[PDB]
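Below you'll find the structure, written out as structure tokens, and then a few comments.
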There are 2 protein chains.
Amino acid sequence: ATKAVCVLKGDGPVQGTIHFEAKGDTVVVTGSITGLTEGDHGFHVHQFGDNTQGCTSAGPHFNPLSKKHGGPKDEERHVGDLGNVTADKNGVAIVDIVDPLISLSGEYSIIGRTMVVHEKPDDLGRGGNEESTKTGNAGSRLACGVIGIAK
Amino acid sequence: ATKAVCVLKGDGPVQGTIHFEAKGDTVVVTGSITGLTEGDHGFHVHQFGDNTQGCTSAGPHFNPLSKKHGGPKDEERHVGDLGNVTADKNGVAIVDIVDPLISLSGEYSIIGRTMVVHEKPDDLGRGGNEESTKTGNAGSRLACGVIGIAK
Ligand SMILES: [Cu+2]
Ligand SMILES: [Cu+2]
Ligand SMILES: [Zn+2]
Ligand SMILES: [Zn+2]
């Protein structure tokens, strides 16, 4: 694919629509999420596109290279580590990310996997504790969706 | 991918979970769907895994070979044509299909696309009007879900 889309939904008020487009050797990720508390929220691709138990069955971050958790600009990062999205006072986050590790085809393809928006900011692997290097201490999964092929 | 899963949801009471597993050179589709009216309901893979407008944005049937609609056993069929599932008196349909056209990888991959359960029976391309040759007259989309990679 060259284009994908994901609709985020959960058990609370958080919702959003994320679009993905292959451009050169990168993926451009755009869209918006609403109903979020003001501030930063971790935003990652989780391994499985399994929504049988809500966002919990999505598994851990997509990490085909068996690395520790980092920020998007780090060399030591999971392929699914896209950092944080920032919600304004009205709870709206505008997403505008360009990333070279995720892909819409081949081995790092995220089609069929799960996009998750988390309750807290992702510490990018610099939190000082053990959890920081697994999940960035991003907390719970507020909303998620399976990444599908778009027109 | 060797295993996929899809959770079907819509605006009504219809819901279900379908699993897909590559067993040998074929794909085995299993699961169950509840909340249906008794009888046959068209069950197809629609092209886009786009749920931005409910099941509507899923597009037409997945048809990379550009054929007309037909039954699962016909030569002239869309890849997405999986026939009918049958609901019992209780509104429950058990899915047990093996199909030679869909796949979980490559050109016929259905990962990232949408499974749709329809309101009426699929006439298998033999209804005699133009609509039959497109959708089998299966009618509205009761529930649908994006097919994602499973553990
Ligand atoms: Cu995460
Ligand atoms: Cu259909
Ligand atoms: Zn991570
Ligand atoms: Zn068809």
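Only one entry of B:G145, B:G91 meets the criterion of being more than 11 Å from ligand 2 (Cβ to nearest atom), part of a loop (DSSP other than H, G, I, E, B) and not β-branched (V, I, T), and that entry is B:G91.
Kindly indicate whether any position in segment A:64-75 is assigned to a strand (DSSP E or B), in contact with a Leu (Cβ under 7 Å, 6 or more places away or on another chain) and more than 14 Å from chain B (Cβ to nearest Cβ). Checking segment A:64-75: not a single residue is assigned to a strand (DSSP E or B), in contact with a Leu (Cβ under 7 Å, 6 or more places away or on another chain) and more than 14 Å from chain B (Cβ to nearest Cβ).
Of the residues screened, A:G112 is one that is at positive phi, away from ligand 1 (no atom under 16 Å from the Cβ) and buried (at least 18 other Cβ atoms within 10 Å of the Cβ).
Note on segment A:35-52: among residues that are farther than 23 Å from A:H69 by Cα and more than 14 Å from chain B (Cβ to nearest Cβ), the one that is farthest from ligand 2 (Cβ to nearest atom) is A:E38.
Checked against (1) more than 13 Å from ligand 4 (Cβ to nearest atom); (2) within 16 Å of B:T30 (Cα to Cα), B:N84 meets all criteria but (1). Among the residues in segment A:113-120, are any of a type outside the set (F, W, Y), away from ligand 2 (no atom under 16 Å from the Cβ), touching a helix residue (DSSP H, G or I) at 6+ places or on another chain (Cβ under 7 Å) and under 20 Å from A:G54 (Cβ atoms)? Yes: one or more hits.
Close Cβ contacts (under 8 Å, 6 or more residues apart or on different chains) running from residues in segment A:100-118 that are more than 13 Å from A:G16 (Cβ to Cβ) and within 13 Å of another protein chain (Cβ to nearest Cβ) to residues that are among the acidic types (D, E) and outside any strand (DSSP E or B) comprise A:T114/A:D50.
Look at segment B:140-151: where a residue is facing chain A (nearest Cβ under 7 Å) and surrounded by fewer than 24 Cβ atoms within 10 Å (Cβ to Cβ) and a partner is in a strand (DSSP E or B) and among the basic types (K, R), sitting 6+ places away or on another chain with Cβ atoms under 9 Å, you get B:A150/B:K3; B:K151/B:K3. Restricting segment A:59-89 to residues that are under 23 Å from A:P100 (Cβ atoms) and among the hydrophobic types (A, V, I, L, M, F, W, C) leaves a set whose member that is surrounded by the most Cβ atoms within 10 Å (Cβ to Cβ) is A:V85. Being charged (D, E, K, R), surrounded by 17 or more Cβ atoms within 10 Å (Cβ to Cβ) and in a loop (DSSP other than H, G, I, E, B) is a condition met by no residue of segment B:31-49. Please indicate, with yes or no, whether at least one residue in segment A:66-73 is in contact with a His (Cβ under 7 Å, 6 or more places away or on another chain), closer than 22 Å to A:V27 by Cβ and free of Cβ contacts under 8 Å to residues at least 12 places away in the same chain. For segment A:66-73, residues in contact with a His (Cβ under 7 Å, 6 or more places away or on another chain), closer than 22 Å to A:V27 by Cβ and free of Cβ contacts under 8 Å to residues at least 12 places away in the same chain: present.
A short reminder: the numbers here are calculations on the coordinates, not readings from a lab. Every residue, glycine as well, gets a Cβ built from its backbone with ideal geometry; the counts of neighbours run over all protein chains shown.
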